[PDB]
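S.K.: Structure, please.
(4 chains)
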Amino acid sequence: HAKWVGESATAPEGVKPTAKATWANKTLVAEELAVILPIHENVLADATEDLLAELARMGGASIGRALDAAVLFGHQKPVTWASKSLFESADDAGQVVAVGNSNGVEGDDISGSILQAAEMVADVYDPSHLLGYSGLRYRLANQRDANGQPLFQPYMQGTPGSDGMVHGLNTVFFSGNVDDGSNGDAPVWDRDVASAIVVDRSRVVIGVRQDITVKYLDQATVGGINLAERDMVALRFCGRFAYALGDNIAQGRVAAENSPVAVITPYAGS
Amino acid sequence: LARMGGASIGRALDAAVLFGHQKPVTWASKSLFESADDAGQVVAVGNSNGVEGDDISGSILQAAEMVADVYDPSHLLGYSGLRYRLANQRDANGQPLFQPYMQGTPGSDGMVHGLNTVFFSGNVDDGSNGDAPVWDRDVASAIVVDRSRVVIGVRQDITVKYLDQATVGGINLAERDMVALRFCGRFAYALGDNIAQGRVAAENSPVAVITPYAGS
Amino acid sequence: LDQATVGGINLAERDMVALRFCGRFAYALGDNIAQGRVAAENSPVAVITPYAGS
Amino acid sequence: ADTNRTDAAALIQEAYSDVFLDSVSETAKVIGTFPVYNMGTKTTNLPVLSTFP
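M.R.: Numbering: from 1, shown residues only, chains lettered A, B, ... in the order given. The structure is reproduced below:
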């Protein structure tokens, strides 16, 4: 920062101040996630369908879902990933908007809430993507006045318009399940914690160290199963990925705290 | 470091002119906020759902009307995101005010009620090695101004000197293998705020403030 | 140098000048070439020492 | 025995990326916004009408 300075030869205000600049470091660290799908050779022979082609489709999709859930909500995130998940970034920055039950007399119906979340990101960033669960067009239609007229577009006549672009944000829809750590299911997107996320896409980096590879195993021991001795085979799937968030753009002499992410939360009341 | 030295001076000048932050004691003019506040040209936003003029658009029109009386309002000064605040203004039934329906709603920032928008951001010296903001959002949502009534005097524009032998901050540069950049500029400010109205000395301002809704 | 303070001497104020010399250097010795299962100790250098007797 | 990542460590360079590296931005606005007067000396006087009959 500059200082206002005076014109003395001996007094303290006639000398100009010294100052620093400082840099810091953020890290992508590649982490691996994987599964093995074992099956009996007789079942592969007796089935009508190509079960190895089906299991090959299952293995790849299972990894992509687990990556999404880690980046968005921090679900089973590797301890070596120093960056906050998208939700955790917004939540710690306090960039959180609750949807209300006001018929939009408050600013707080979902379309008003998207503008409040866009404003929070736009304060220090360029918001460009809206992340959520699908069917948003049917929730954007059917928003109503205290009179029951539509808020979103003129009349009900042609009302479920396109999902793809909303308030100048591109939409992205997330779905499916991931490991709950207890042999059940957890959702990729938990609809009870967030209705949507607004983000500046440019502040996210996904590192791809190894794109998903499949290996056919017919002799290995996997999960304590000696495959060849039990007349079984398996497919092994793995990929290596990293994530970093460019969250704390500098603002002055002190180290800044910001978020390129804002969260919209569902109406929790009665 | 050349970019940092230049930018650091510009931020300090803005904070002095707008809010009077660390303003030199020899500057006799009121800062923009202080001129409007002392003239009482302050419009508080309210929460009537615009049943009054007290919504932010009605408040901008009122603040522009206060300036347009003696002066000619030309610019709206504030912090960014104004498009998202002008969108999402609602009737007592919940319908939007500023534009017909929510579908296409974040319009342009660049021109609001015929005033050119100017957005301020960054930080300046707090007087204690910390940061203070250029725009204080706790006291102003926006300022309306007649641009022609502000004069910025440039006595010397920003200059850079490269130092390789000097002593600065107790550091002897040449015996330590150090170098430094020295940045300085000389600036003045005056506000043409009390146009004569009769045989008694007038009290006006070419500036009006819109202030955030503080209640509930 | 002709304006600097060096070694407590304000050069211009005393009608002095100075020459300042510097360079930056590094050294590495490629010893301990590997010999097997254990980390080996071996130098690329042998020293001949003078006769000590009298 | 297995030649782990720490036995190979001297072979494993970290990479560097400029994706998040930027200078300061010039945020200042008053000299762009308001009319500038080039001063020839430290002080300038601006006469104004104050009252009329």
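
S.K.: and residue A:178, bridged to which residues?
M.R.: Note on residue A:178: beta-bridge partners by DSSP bridges are residue A:186.

S.K.: Please work out how many residues are found near it.
M.R.: 19 (other Cβ atoms under 10 Å in any protein chain shown). Bear in mind the C-beta positions are built from the backbone N, C-alpha and C, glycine included.

S.K.: So residue A:61: helix, strand or coil?
M.R.: Secondary structure, DSSP: H, G, I helix; E, B strand; the rest coil: residue A:61 is helix.

S.K.: gap between it and residue B:82?
M.R.: 44 Å (Cβ to Cβ, to the nearest Å).

S.K.: Skipping its backbone neighbours, what lies nearest the spatially most central residue of chain D in space?
M.R.: Central residue of chain D (Cα atoms, centre = their mean): residue D:24, 2.8 Å from the mean position. Nearest non-adjacent residue to residue D:24, counting by Cβ to Cβ, 6 or more residues apart in numbering or on different chains: residue B:7, 4.8 Å away.

S.K.: Wait, the residue nearest to the centre of chain D touches residue B:5, no?
M.R.: No: applying Cβ atoms under 8 Å as the test, residue D:24 and residue B:5 come out as separate, 9.7 Å apart.

S.K.: where do the strands sit along chain D?
M.R.: D:36-38 (DSSP state E).

S.K.: Check it for the residue nearest chain C and tell me.
M.R.: Proximity of chain D to chain C (Cβ to the nearest Cβ) peaks at residue D:1, 10.1 Å away.

S.K.: For burial, what's the neighbour tally of that residue?
M.R.: Residues near residue D:1, counting by other Cβ under 10 Å: 4.

S.K.: I'd like the distance between it and chain A.
M.R.: Per Cβ to the nearest Cβ, to the nearest Å, residue D:1 is found 19 Å from chain A.

S.K.: I'd like to know how far that residue sits from residue C:37.
M.R.: Distance from residue D:1 to residue C:37, by Cβ to Cβ: 10 Å.

S.K.: With residue A:226 instead?
M.R.: From residue A:226 over to residue C:37 (counting by Cβ to Cβ), the distance is 33 Å.

S.K.: go on, residue A:256?
M.R.: 53 Å.

S.K.: Quick check: which element contains the residue in the stretch 1-150 of chain A positioned nearest to chain D?
M.R.: The minimum distance from the stretch 1-150 of chain A to chain D, using Cβ to the nearest Cβ, falls at residue A:26 (6.3 Å). Using DSSP states H and E, residue A:26 is not contained in any helix or strand.

S.K.: quick one: it and residue D:20 touch, right?
M.R.: Yes: contact criterion Cβ under 8 Å: residue A:26 and residue D:20 qualify, at 6.3 Å.

S.K.: which residues do the two both contact?
M.R.: Applying Cβ atoms under 8 Å, 6 or more residues apart in numbering or on different chains, one finds that residue A:26 and residue D:20 are jointly contacted by A:244, A:246.

S.K.: who in chain D is up against chain C?
M.R.: Within chain D, no position lies close to chain C (Cβ under 8 Å from any Cβ of the partner chain).

S.K.: count of neighbours near the residue in chain A positioned nearest to chain D?
M.R.: Residue of chain A nearest chain D, by Cβ to the nearest Cβ: residue A:246 (4.2 Å). Look at residue A:246: counted by other Cβ under 10 Å, it has 19 neighbours.

S.K.: In contact with it, which residues?
M.R.: A:26, A:202-205, A:260, D:19-20.

S.K.: Over to residue A:67?
M.R.: A:33, A:239, A:241.

S.K.: Now do the phi/psi pair for the second one.
M.R.: If I follow you right, that is residue A:239. phi -150, psi 160 (degrees, to the nearest 10).
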